[PDB]
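Below: one structure, written as structure tokens.
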Amino acid sequence: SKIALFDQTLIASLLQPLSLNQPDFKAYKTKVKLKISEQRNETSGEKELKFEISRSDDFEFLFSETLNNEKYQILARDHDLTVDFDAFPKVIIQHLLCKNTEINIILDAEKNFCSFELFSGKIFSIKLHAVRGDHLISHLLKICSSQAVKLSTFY
Amino acid sequence: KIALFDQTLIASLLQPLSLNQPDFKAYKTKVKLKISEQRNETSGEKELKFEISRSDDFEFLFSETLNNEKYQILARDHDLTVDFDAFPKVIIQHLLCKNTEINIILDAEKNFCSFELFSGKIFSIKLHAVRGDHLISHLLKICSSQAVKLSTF
Numbered sequence: 003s004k005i006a007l008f009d010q011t012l013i014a015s016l017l018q019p020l021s022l023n024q025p026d027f028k029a030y031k032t033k034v035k036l037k038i039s040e041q042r043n044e045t046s047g048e049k050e051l052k053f054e055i056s057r058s059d060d061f062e063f064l065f066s067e068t069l070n071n072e073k074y075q076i077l078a079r080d081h082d083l084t085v086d087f088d089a090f091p092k093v094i095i096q097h098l099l100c101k102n103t104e105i106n107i108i109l110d111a112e113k114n115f116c117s118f119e120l121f122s123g124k125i126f127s128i129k130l131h132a133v134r135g136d137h138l139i140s141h142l143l144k145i146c147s148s149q150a151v152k153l154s155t156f157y
Numbered sequence: 004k005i006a007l008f009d010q011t012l013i014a015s016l017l018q019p020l021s022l023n024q025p026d027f028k029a030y031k032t033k034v035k036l037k038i039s040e041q042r043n044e045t046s047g048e049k050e051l052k053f054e055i056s057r058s059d060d061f062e063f064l065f066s067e068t069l070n071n072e073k074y075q076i077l078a079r080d081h082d083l084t085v086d087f088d089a090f091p092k093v094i095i096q097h098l099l100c101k102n103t104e105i106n107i108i109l110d111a112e113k114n115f116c117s118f119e120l121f122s123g124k125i126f127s128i129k130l131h132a133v134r135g136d137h138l139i140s141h142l143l144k145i146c147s148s149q150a151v152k153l154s155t156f
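Quick mapping for you: the protein sequence lines, in order, are chains A and C.
Numbering of the first sequence is given in the deposited numbering, commencing with residue 3 and proceeding in unit increments.
Numbering of the second sequence is given in the deposited numbering, commencing with residue 4 and proceeding in unit increments.
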């Protein structure tokens, strides 16, 4: 079973490099929908935590990352997070629901990855990968279907 | 990639209903056929892509791309005397004819479908289920075109 712990649209400053041997960047604030869900791994009952970001203005924009205890222990040490893996979603959801929080998404040069941060790299940083294949096919199919609903209601 | 055909045809869609019995749920529908002339990315060899899509079904996507080698098997089966280069000229003409019967026989698992003229006899290509990046783009076109429609309204 996969339980959603967060599903709100946040304001994020979206940074992306554009050149080699020149510091040109594509910077702009945007509405990024963040989805934090709790799941258990199908192979071992081990608790997981999936992070997923999507843009409503960019259908192709899909980046996710799923944490396990092992994966989180590397993260915690790096950003000097004192909390354990179970009490960490409680901490971040609270940190996120705060209007004063700065969500900066630093995108990959080839938009293959994205560093989702809080305030700056040093404060907090998850590296989400590019979602493709069947997981993007479904996400794209949800949009088409939800927009098919919107155009039907349109009278 | 040069498009040689891009019209919406009326096709009788035969959907299977049984296993070990040829019972079908038949209904006419609007199937957009696109025949394009391309060249293989590995070797400059000329290729001919057949692609069917439904406007009423976003997931409905089937393609099949012919090369000379692949066409030589097809030509023998349907006793087509024509060469690979002179064959698109022949089918486009066959298709533009109002009298032609376009029947698409669907796969029980919706993985393939035999696109045929009248029955299999004249012309019958077996198209596979289009997935991956080719469906991603096709789905991205719909989202984008529907994003335009919802902006205007």
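Backbone N, C-alpha and C define an ideal beta-carbon position, used for all residues, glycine too.
Collapsing the DSSP output to three states places residue 41 of chain A in a strand. Inter-segment contact for the region 135–150 of chain C and the region 135–155 of chain A is present: three or more beta-carbon pairs are separated by less than 8 Å. Across the region 45–71 of chain C, CB contacts with chain A closer than 8 Å involve 61 and 62, in sequence order along the chain. At a cut-off of 9 Å between beta-carbon atoms, residue 150 of chain C makes contact with chain A. Contact between the region 12–22 of chain C and the region 31–41 of chain C is present: three or more C-beta pairs spanning the two stretches fall below 8 Å. The beta carbon of residue 67 of chain A is closer than 6 Å to those of 53, 128 and 130 in its chain, skipping five residues each way along the sequence. Ranked by Cα distance from residue 65 of chain C, the options C:145, C:118 and C:93 are led by C:118. Assignment of beta-bridge partners to residue 16 of chain A by DSSP yields A:30 and A:107. Looking only at C:133, C:38 and C:147, the smallest Cα-Cα distance to residue 116 of chain C is reached by C:133. When the Cα atoms are used, residue 62 of chain C and residue 149 of chain A turn out to be separated by approximately 14 Å. Distance from the Cα of residue 110 of chain C is smallest, within the candidate group C:6, C:9, C:8 and C:21, for C:21.
With a cut-off of 8 Å on Cβ pairs, the region 81–88 of chain C is not in contact with the region 100–107 of chain C, counting fewer than three such pairs. In the three-state reduction of the DSSP assignment, residue 6 of chain A falls in the strand class. With a minimum length of 3 residues, the unbroken runs of beta strand (DSSP E) contained wholly in the region 61–106 of chain A fall at 64–69.
Taking the C-beta atoms as reference points, residue 8 of chain C is found nearer than 9 Å to residue 95 of chain C. Residues are counted here when their Cβ sits less than 9 Å from a Cβ of chain A; for the region 77–93 of chain C the count is zero.
Secondary structure at residue 128 of chain A: strand, using DSSP grouped into helix, strand and coil.
With respect to residue 40 of chain A, residue 5 of chain A sits close: the two C-beta atoms are nearer than 9 Å. According to DSSP, residue 57 of chain A shares a beta bridge with A:34.
Here residue 19 of chain C has 27, 109 and 111 as same chain residues with Cβ atoms under 7 Å from its own Cβ, once five neighbours each way along the sequence are excluded.
Using a Cβ distance threshold of 9 Å, residue 51 of chain C and residue 69 of chain C count as a contacting pair. For the 9 Å CB-CB criterion, residue 152 of chain C and residue 153 of chain A form a contact.
Shown here for residue 121 of chain A: same chain residues with a beta carbon closer than 8 Å to its own, the five before and five after excluded, namely 103, 104 and 106 in chain order.
Rounded to whole angstroms, residue 78 of chain A and residue 135 of chain A show a C-alpha spacing of 30 Å. Here DSSP, grouped into helix, strand and coil, assigns residue 147 of chain C to helix.
The continuous stretches of beta strand (DSSP E) do not include residue 21 of chain A, and DSSP gives it neither H nor E. In the three-state scheme derived from DSSP, where H, G and I count as helix and E and B as strand, residue 113 of chain A is classed as coil. Non-local C-beta neighbours of residue 74 of chain C in its own chain, meaning closer than 6 Å and more than five positions away in sequence, comprise 87, ordered along the chain. For residue 135 of chain A, the neighbours in chain C by C-beta distance under 8 Å run, in chain order, 135. Taking a C-beta cut-off of 8 Å against chain C, none of the residues of the region 101–125 of chain A qualify. By the rule that beta-carbons nearer than 9 Å mark a contact, residue 13 of chain C does not touch chain A.
Assignment of beta-bridge partners to residue 122 of chain A by DSSP yields A:120.
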